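Commentary on secondary and tertiary structure
Listed below, chain by chain, are the residues.
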Amino acid sequence: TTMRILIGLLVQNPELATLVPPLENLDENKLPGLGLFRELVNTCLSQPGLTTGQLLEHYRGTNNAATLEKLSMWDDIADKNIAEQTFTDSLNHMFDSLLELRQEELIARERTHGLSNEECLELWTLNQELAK
Amino acid sequence: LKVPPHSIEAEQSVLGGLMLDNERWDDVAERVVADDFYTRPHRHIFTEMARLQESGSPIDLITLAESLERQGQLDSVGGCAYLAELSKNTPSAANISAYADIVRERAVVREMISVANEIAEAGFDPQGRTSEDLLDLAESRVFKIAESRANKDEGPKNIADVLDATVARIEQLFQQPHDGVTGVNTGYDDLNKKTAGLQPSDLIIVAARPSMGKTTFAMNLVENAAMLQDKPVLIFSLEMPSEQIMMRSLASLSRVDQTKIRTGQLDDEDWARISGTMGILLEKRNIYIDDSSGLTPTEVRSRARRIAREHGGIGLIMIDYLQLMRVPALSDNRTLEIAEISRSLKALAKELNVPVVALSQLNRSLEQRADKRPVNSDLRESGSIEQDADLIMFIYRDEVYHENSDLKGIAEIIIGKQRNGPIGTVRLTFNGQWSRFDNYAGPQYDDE
Amino acid sequence: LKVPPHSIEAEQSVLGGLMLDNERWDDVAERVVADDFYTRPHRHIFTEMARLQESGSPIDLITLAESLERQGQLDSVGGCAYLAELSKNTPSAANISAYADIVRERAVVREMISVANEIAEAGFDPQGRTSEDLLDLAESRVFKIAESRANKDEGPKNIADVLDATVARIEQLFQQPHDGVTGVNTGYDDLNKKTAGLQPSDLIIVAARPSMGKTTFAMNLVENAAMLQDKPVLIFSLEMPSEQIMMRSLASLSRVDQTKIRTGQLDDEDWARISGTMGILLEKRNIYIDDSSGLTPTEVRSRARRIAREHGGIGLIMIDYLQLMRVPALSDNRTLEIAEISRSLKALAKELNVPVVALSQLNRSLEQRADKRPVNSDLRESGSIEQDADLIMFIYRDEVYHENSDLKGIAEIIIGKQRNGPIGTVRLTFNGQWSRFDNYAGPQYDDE
DNA sequence: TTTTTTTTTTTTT
Ligand SMILES: Nc1ncnc2c1ncn2[C@@H]1O[C@H](COP(=O)(O)OP(=O)(O)O)[C@@H](O)[C@H]1O
Ligand SMILES: Nc1ncnc2c1ncn2[C@@H]1O[C@H](COP(=O)(O)OP(=O)(O)O)[C@@H](O)[C@H]1O
Ligand code: ALF
Ligand code: ALF
Ligand SMILES: [Mg+2]
Ligand SMILES: [Mg+2]
């Protein structure tokens, strides 16, 4: 669901794709079908100063262009500056998956064979960032 | 099966954004209500959020879930898992206003569809109701939906513009050099001075005991307005047929005895005056009369709108009189019926922005007091009438209750209520021979 | 197996917030105790947190885990995993106060359930205890619950306080009799003295018969508050359009004949006064008006929240008037609708912590009494308005009901109900020419 | 569940 919103926002306003913080190091296996989003972000970053049609026509060789076109119309709003905050919030939510992974693995290791002082300390440090 | 139009995505987005930002609740609050949500779980969720926010509590996943569980409604809304899904699916509350507007659109469309279906069902099965009843029902149903959308305007937005507009309007009124009367001239110097005429949008109630000439004074004001303006004037003579009202009007205008006109014992000069009055009226054609009895506010409003559209507005409206009007929906409680009638007439006056003189009658307690001069307390079915009444004038005649009165031929118009002006007594000459009121030209009595 | 009422989520949120924000321990310390946590591990964790705070150590995951392990109770709670989960599952510690309040609610409800269980057990087995003994046991058990109610003072002040007040006043007669204004200034010396200004969070109901200057008095109060404060004030003029209200305000401020203002018969000096008033008002921009018709309480609340958030609070709210407000849900019973409106407005005043002058109207029965001075029961639907109202002020004018009255130009503001102050009459000079009230400078009449 | 109306019988001024 969130992936559909992210893709729709990315396709609707290709200009904002230049403001995306780097996410190349992140694995695409965490979120479902995240490879399409990362590929779209990299492609849109490669050509700053573009229109929505020229971004849409890029993936005409593949069969996933229909999804991009159907998502672009969806969640369409006239105001431009309003969408930047929503996109930023979605990006922050997506980036929070890394902290989610890190705390989940630490909790799993705690349940498997416990944790030492430093391990629970780093778990606490990671968890403090989740609330804020 | 034609599914009702709806947008689950907009509702979910609003629900999630409210959990993410309580501050924008106001933006959601003035745009959407609980009943708007197509899905009942969303209705319950919105109700619980409103209850919590009204208490000052923060609208969040945990507090909302526990609040629903306190009423056993959590599992009815999909549970904590569904609430977490709603919280997650919303990225941010920036576009929450658009989502609320979309939800409002869908809800109003479903309401329109429901009203249309009900009207169609009634048409298929009138259950003995005449066509007029069904058409009036459809009128009311459509008008309700039309009025239910008046939520974007009429609010206390940034005052500066409102103050500037009001001051500009005041300056415009000042610049227009009127002769003291800024509204419909009443035809009487003292009454116009104290009232500045019958103002637009204002509800005026003229009252007195029966036989006091209340209808006489009303018709005199109507004639003055018609002669002093070209805009039409509308009369609802529920009390009397149009024939007697027109006979009174001719007697007053011609200053000929009403008895002779009623009896037809008219001489050549009297008939000449009558013919001149008829010619003047036929030249004006700014008067419309309805003698239909039992007229409800709905029919009065519809006919007023018809006349205004056909003639570009109405200068004045006249109703004879309030207590005769019918509201079957409130027939059980007479007081509630009268309050509804008065409020509807006030609303109609504001909408058409025209003076509306609706006549009224007093309780008998007045005549049980030592002083028989009417006051505000004396109105019958009284409480709501005075509240909706913007101007209140009572008609008194000491000669009526005192044969040896020195005020024979004199009538007291007591302005008892005036929002933007002084209250007090005025005197007029009453020619019951002609059923007319005239400016008082005797010695001026100082009002103590 | 009816589980005792509880909230795992609330306790987990409170514990996680304490792990996250130690500064909010005090806000939690007053609300809840260790016993209030339904689950024993949460009781242990809160006890350890209290012990650490008392010793001054910070409350975090590492310190709490170390302290619990040192006591051997770490296993009883779940270790680093469970405490990390407690810290994790809390959306934010900013709402820890609400979670603590909910936990206190659950604890009080569980205490009540336990009390009921004990009373039922005693009833099943009196053990020779008389019915009086069982009743006294139940009453003693219940009185523990009602410790958070109290009764405060009811009026009886002892001889020592009387002597102290008498000495203070006898000494200050030589000195300056200051008022002690703390609330929003009413603009009048006597009214401020008796009320100490419009108290925030307190509901004030100004009532009067129509035409008594109710709206006039409210507008004068609002204007005085605006000129004596910088916080914005708010008005809901359902009864009248904004234009008439603004004209009244300008006429009062400029002390010019409002009739001239309405008619546009304004001279150069009056025009200069009007221009100065306009300049002052456009300089302030601390007054907001809504000319909406048929506002529901929710709409008023939302709009007030909007204005307060935009301008950081509201100095004063005014509603004209209660009987105009609409509640479609309770339209069936008028009294219930009025009661709910009053309750919602009182809750709004408490939440916004602002004085709220909501106007009300009286039943005609008042004028049936020999003395027409209003009293509390004279309110229409007095059942709920009187209960909710914290301050009740009635406007009376003997000149209105007696033209030969010796109090001409004098209006009586009678504080008939005041929770935190004395009831009694106050006099003001009413200039109907300007539609204004002024401090009464005439001879003081003994309040008998 | 309430506001009206308006009888009737009393008191009080
Ligand atoms: N020929 C006449 N001479 C004197 N007075 C008359 C004559 N005809 C009608 N009137 C007066 O006109 C009044 C009109 O009465 P009516 O319309 O019933 O009063 P309202 O409209 O206030 O109920 C009567 O009270 C009567 O005194
Ligand atoms: N030009 C004037 N001269 C004297 N008094 C006036 C003037 N204009 C208005 N008033 C007084 O102002 C009062 C306002 O009436 P209104 O606002 O209807 O009363 P309320 O608001 O108490 O229901 C009236 O009772 C009237 O006596
Ligand atoms: F008797 Al009428 F108006 F004529 F009340
Ligand atoms: F008649 Al009003 F407020 F003016 F009750
Ligand atoms: Mg008549
Ligand atoms: Mg008023």
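Quick note: structure is the one above.
In what follows, the accompanying structure is described.

1. Comments concerning the overall build of chain B
For chain B, the helix and strand inventory stands at 18 helices and ten strands. For 448 residues, the compact-globule estimate of 2.2 N^0.38 gives 22 Å, and chain B exceeds it by more than 25% at 29 Å. Within chain B, buried positions represent 49% of all 448 residues. For chain B, contacts bridging at least 24 residues in sequence account for 67% of all contacts bridging at least 6. Here chain B has roughly 21500 Å² of accessible surface; of this, 49% comes from carbon and sulfur atoms. Chain B carries 51 positive and 71 negative side-chain charges, and their two centres are separated by 2 Å.

2. What about the pairing of strand β2 (residues 233-237) of chain C?
Residues and elements named next belong to chain C. Across the five residues of β2, five count as buried, placing the element largely inside the fold. What you see with β2 is no split at all: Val-233, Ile-235 and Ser-237 on one side and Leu-234 and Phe-236 on the other are buried throughout. Pairing geometry for β2 and strand β3 (residues 287-290), over four bridges, is parallel. Note that in β3 the partner of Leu-234 across the bridge is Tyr-288. Both β2 and strand β4 (residues 316-320) contribute to a ladder of five bridges, which runs parallel. Its bridge partner being in β4, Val-233 is matched across the sheet by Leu-316.

3. Considering a nonpolar patch on the surface
All names here are of chain B. On the surface, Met-227, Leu-228 and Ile-280 cluster together into a nonpolar patch covering about 260 Å² of accessible area. Assignment of secondary structure puts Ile-280 in helix α13 (residues 268-284). Overall, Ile-280 belongs to the partly exposed group, its relative accessible area being 44%.

4. Remarks on the interface of chain C and chain B
With 58 residues of chain C at the interface, the matching set in chain B holds 58 residues. Carbon and sulfur atoms supply 52% of the area buried between chain C and chain B, which totals about 5300 Å² over both sides. Three residues, C:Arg262, C:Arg303 and C:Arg364, lead the burial of chain C against chain B; their summed loss comes to 14% of the area buried on that side. On the surface where chain C and chain B come into contact, there are six salt bridges. Ionic pairing is found between B:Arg419 and C:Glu239, a salt bridge with its closest N-O pair at 3.8 Å. Taken together, the links from chain C to chain B amount to 18 residue pairs in polar contact. Among the elements of the structure, α1 (8-20), α7 (96-124), α12 (242-254), α13 (258-263), α14 (268-284), β3 and α15 (297-311) of chain C are those that each provide at least two residues to the side of chain C that touches chain B. Counting residues per element, the side of chain C that touches chain B draws most heavily on α15(C), which supplies seven residues.

5. A closer look at empty space enclosed by the protein
Within the structure shown, the criterion is met by five cavities of 30 Å³ or more. Of the pockets and cavities examined, the largest cavity occupies roughly 130 Å³. In this structure, the largest cavity is lined by 13 residues; those nearest its centre are B:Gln199, B:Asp202, B:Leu391, B:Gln418 and C:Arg262. For the lining of the largest cavity, the residue count by class is three nonpolar, six polar and four charged.

6. Some words on the packing of helix α8 (residues 159-175) of chain B against α14(C)
Viewed as axis vectors pointing N to C, α8(B) and α14(C) meet at an angle of 170°, and their least axial separation amounts to 11 Å. When the interaxial angle is binned, α8(B) and α14(C) end up roughly antiparallel. Residues B:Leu163, B:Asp164, B:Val167, B:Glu171 and B:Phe174 of α8(B) lie in contact with α14(C), whose contacting residues are C:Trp271, C:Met278 and C:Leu282. Residues belonging to the contact of α8(B) with α14(C) are distributed by class as follows: six nonpolar, no polar and two charged.

7. Considerations on the nonpolar core
Note on soluble globular proteins: their nonpolar side chains tend to be buried together. All names here are of chain C. By size, the foremost hydrophobic cluster in this structure holds 83 residues, and its most contacted members are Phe-217 and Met-393. The element that contributes the greatest number of residues to this core is helix α11 (residues 214-227), accounting for seven residues. With residues near it in sequence (within four places) discarded, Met-393 still touches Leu-191, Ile-204, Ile-205, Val-206, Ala-207, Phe-217, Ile-413, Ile-414 and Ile-415.

8. Observations regarding the site of ligand 1
Residue and element names in this part refer to chain B. Among the 16 residues in the neighbourhood of ligand 1, the closest are listed as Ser-211, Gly-213, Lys-214, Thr-215 and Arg-248. Within the side chain of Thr-215, one N or O atom sits 2.9 Å away from an oxygen atom of ligand 1. Within the complex, the protein chains bury 66% of what would otherwise be the 570 Å² of accessible surface of ligand 1. Those elements giving two or more residues to the shell around ligand 1 turn out to be α10 (214-228) and α12 (258-263).

Parameters and conventions
A chain's residues are numbered here from 1, following its sequence as written, a convention that may not match the entry; residues for which no coordinates exist are omitted. Lettering for chains starts from A, numbering for ligands starts from 1, and both go in the order in which the items are written. Keep in mind that this is only part of a larger assembly, and the values describe that part, not the whole. Values reported for side chains reflect all heavy atoms of the structure, with hydrogen atoms and water molecules removed beforehand. Think of it this way: any DSSP run of H or I at least four residues long counts as a helix, any run of E at least two long counts as a strand, and we number them from the N terminus. The atom set for the radius of gyration is the C-alpha atoms, and the globule formula is 2.2 Å times the number of residues raised to the power 0.38. Classification of residues uses two cut-offs on accessible area relative to the type maximum, computed with a 1.4 Å probe and protein chains only: under 20% is buried, over 50% is exposed, and between them is partly exposed. Residue contacts are counted whenever heavy atoms from the two residues lie within 4.5 Å of one another. Computed with the Shrake-Rupley method and a 1.4 Å probe, the accessible areas treat only the protein chains shown as cover for residues. We score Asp and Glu as negative and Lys and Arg as positive, and we do not count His or the chain ends. All charge positions are set by atom: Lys at NZ, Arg at CZ, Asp at CG, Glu at CD. The pairing criterion is simple: DSSP has to find at least two bridges between the two strands. A patch consists of residues whose relative accessible area exceeds 30% and which take part in no salt bridge; residues with like charges are grouped when within 9 Å of each other, and nonpolar side chains (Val, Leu, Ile, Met, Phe, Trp, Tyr) when within 5 Å. We define a salt bridge as a side-chain nitrogen of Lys or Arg found within 4 Å of a carboxyl oxygen belonging to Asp or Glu. Note: buried area is the sum, over both parts, of the accessible area (probe 1.4 Å) each one loses when the two are combined. The definition of a polar contact used here is a pair of N or O atoms within 3.5 Å, where within protein one atom must be able to donate a hydrogen and the other to accept one, and adjacent residues in sequence count solely through side-chain atom pairs. Think of a 1 Å grid over just the protein atoms. A cavity is a set of points where a 1.4 Å probe fits yet cannot get out, a pocket is an open set with protein on both sides within 12 Å along at least five of seven lines, and lining residues have an atom within 4 Å of a point. Grid points are joined across faces, edges and corners, and a volume is the space filled by probe spheres set on the points. Throughout, the ten residues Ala, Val, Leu, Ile, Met, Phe, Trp, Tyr, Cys and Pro are labelled nonpolar, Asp, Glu, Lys and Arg are labelled charged, and all others, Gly among them, are labelled polar. Each axis is a line fitted through C-alpha atoms, and for a helix only the stretch in contact is used; angles between axes span 0 to 180 degrees, taken between their N-to-C directions. These descriptions rest on fixed angle ranges, namely under 35 degrees for roughly parallel, over 145 for roughly antiparallel, 65 to 115 for roughly perpendicular, and the rest for oblique. Remark: nonpolar core denotes a set of buried residues (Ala, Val, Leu, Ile, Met, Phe, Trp, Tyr, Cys) joined through side-chain atoms within 4.5 Å. Here, proximity means that at least one heavy atom of the residue falls within 4 Å of the molecule or strand.

So yeah, pure geometry; function would need other evidence.
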